[PDB]
């Protein structure tokens, strides 16, 4: 066990391809460790580092199956960087952007083609989108959502193609959790608002289905009491308070992968620094008490 090498609190990101999972956790030296679920849990060790950022790096991960994985982290040079998987080994990606030293990161693949959005916080504390549509044009600026709380968590999810549907959750300068939305016709301010939350309260999103009845979105958020709670959206909506409620360590990040393998990853104190998996199976249960390298 080298669970004590895991940060307290760690940056956490999670992806899945069917019942194959990956969880990316921050080591306390800035190392971004991969944990693998392939019918059992492995990795999280020093030889599972896919890159090194600064101590306290946020992690954001996104994928198209396991055909393409992209993991985002912040270096000690206050630049967001990118680790890449294209089926035959990890490599450094072209994504390099200056961020506020306290910036969080969100990232999404758009549809089943290799199209990427990354959301970071500028020095001026605005949320800026980064766009990759193809190699010819490379990384460009997309939308800037304006002033956000300095240090805000940033949580992004996408579903659909033609058009793509994107939601980005972050805190405004009055500590409210708000939502930036895109459905093909410009960015708007969404229906989701959690009033007057804790400064830099952690945020995690997942989504499943398509626009209409099948659609689901879950947004996991820190309460001022070191709980992680859940806002939920299904089909045509009405945001509501979901059943997920769990005690966490102060500052726990949270990451979610979607139904039908709905899992939520946080730090609740197990083995001190270890990450815990919660699983929806007609009700919340302990999916795995502590992730590798425990």
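Residue numbers count along the first chain shown, from 1.
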item	value
9-17 or 280-288, whichever carries the higher mean Cα B-factor	280-288
106-114 versus 202-210 - greater average Cα B-factor per the deposited record	106-114
Residue 233 CA temperature factor, ranked by third within the chain	lowest
Chain third (lowest, middle, highest) by recorded CA B-factor, residue given as residue 253	middle
CA B-factor placement of residue 55, once the chain's modelled residues are sorted into thirds	highest
Relative C-alpha B-factor of residue 265, binned into the chain's lowest, middle or highest third	lowest
Residue 66 - which third its CA temperature factor falls in, relative to the rest of the chain	highest
